[PDB]
């Protein structure tokens, strides 16, 4: 394949883009201060760009090969085409348009914390469910899960992931307030961010039964005090802290 490299952005180059396509371009890609136009073969163009031949990959194959099962003991997070031989609890998640593919440190932190804290039969709130990964994992561990999200786009994805796992968590649009009537819960798991944890702390307390657990992650290491200060002020007991990379998970007892 060939690329024709032009100085400028797509915006700046707007008048010439139809001509690139009429010349045989199959698509355009804005890069740092350049537009790359991809053609099967070079053509004579009036635009003063530069022809460069690029190496032809099978991009589907390159992507499949570098996408590996994501281990988060006791779970392995697998794409639908993955095979697995180990004894781990499989979680099948399509890597798609919803956070929670299993390839985030925070998702993995929360998966391991679930295995440490979740009692069979207990009621679990997955706050900010995204792909559904954590609510599905909670079902696999013997819990009954409610997964909520304010983003309605993820809920059909979370549903379709639940079908890949033979489980049916309850999925719901909204936030903590919309989950409240389904509680109180035995366990809350929330991979969000520090500031939202600090704001919702007192409502976390109301969401949980006495002795209920809050597993909170999505917390940047340097933002952890905001959550510690807030969960103290809401009357929680600290159970453990867990770290991976620049991220932490903080566990609290009601």
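Numbering follows the first chain given and starts at 1.
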Handout entry: Comparing 83 to 91 with 96 to 104, the one whose average Cα B-factor in the PDB entry is higher
Key = 83 to 91
Practice task
Quick one: say whether 7 to 15 or 227 to 235 has the higher mean Cα B-factor in the deposited entry.
Solution key: 7 to 15
Practice task
Quick one: which of 187, 198, 62, 192 shows the highest Cα temperature factor in the PDB entry?
Solution key: 62
Handout entry: Within-chain third of residue 208 by Cα B-factor, per the entry
Key = middle
Fill in the blank from the handout: Assert third(CA B-factor, residue 219) within chain per record equals lowest
Practice task
Classify residue 251 as lowest, middle or highest third according to the C-alpha B-factor given in the PDB entry, relative to its own chain.
Solution key: middle
